[PDB]
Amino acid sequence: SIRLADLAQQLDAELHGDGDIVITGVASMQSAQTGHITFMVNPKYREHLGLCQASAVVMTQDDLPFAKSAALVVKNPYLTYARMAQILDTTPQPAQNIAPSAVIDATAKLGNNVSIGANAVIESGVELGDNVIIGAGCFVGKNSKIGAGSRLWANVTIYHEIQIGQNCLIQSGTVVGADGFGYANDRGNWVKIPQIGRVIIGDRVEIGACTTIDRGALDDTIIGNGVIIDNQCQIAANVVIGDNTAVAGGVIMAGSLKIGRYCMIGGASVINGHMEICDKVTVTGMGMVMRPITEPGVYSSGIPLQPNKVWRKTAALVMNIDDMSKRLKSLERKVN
């Protein structure tokens, strides 16, 4: 709960309306009621302000003539939404101080104000920085290090010799530092290659749920500062991801891929290994990334849905495209 005026100043936003309005939380435009602040990003919805029951709306200067309530004026409403949602966040912490059911090795080294949830297991040689929070049921493996302010939700698995930077956040079911898929073939038999590299995660990295990040074979898997990784992703051994890159859900990356800075990898993409993708590349969803990308820009693949009856003929024709090609050449020749 906060007064609109205080909220505006903390948001460094221009107050337009009764500053004594009490804001109790954030809500969507369609759901907002009195006590709620909301925001508008698209000018398509200016009419909808006339139907919105929020006590306040975050908008731009050109939106203000359309306002029907108190307003906060800023250059970037969506970034302002992010900040005010942080101010008014209702999300609890994964844990509150140290649980008596936690199993913590005597050689673990804890900073100040560390929290550790029920039944979490902390191995030997582990170091947890100040204000670190380990959720219920986690495992943190031998000699791993977790930087100050970092937090793990319930049931996250961290293997041994892993390094996590400051202020990171990892959601449940995620596994960091499992063995890379490393095997040599001996006349058809697979022979295991121990993966003795690590994973190094920078500062302010956020990783979603049920994502797996493998440790490197010899050198390390590396996740740069400010990277965001969604759910269900596979980041294979020795992948390197540049600062501030975003990876949407269900992405599968092959080993030894290097991705540059400020990339956006669309969900469900599949990325070949032992190759590089430069800075400022966007791959749209379900992208089949077979080759390196040397120039920034947007790249795509995939043939989208069709009615089943249509698709059947489409697929059959594509599979015989070489015969179409020949019939074409044979026809060009006949004409000329």
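Quick note: we count residues from 1 along the sequence shown, nothing fancier.
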- The stretch carrying the higher mean Cα B factor in the deposited entry, 66-74 or 272-280, is 66-74
- Task: May I ask you to compare 284-292 and 49-57 by their mean CA B factor in the entry and name the higher one?
- Result: 49-57
- Query: How does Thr211 rank on Cα B-factor within its chain, lowest, middle or highest third?
  - Reply: lowest
- Message: Ranking every modelled residue in this chain by its Cα temperature factor as given in the entry, which third contains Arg204?
- Response: lowest
- Item | Third of the chain's Cα B-factor distribution that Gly260 belongs to, per the entry | middle
- Item | Chain-wide C-alpha B factor ranking for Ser144, given as lowest, middle or highest third | middle
- Task: Please rank the C-alpha B-factors of the chain's modelled residues and tell me whether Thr174 sits in the lowest, middle or highest third.
- Result: lowest
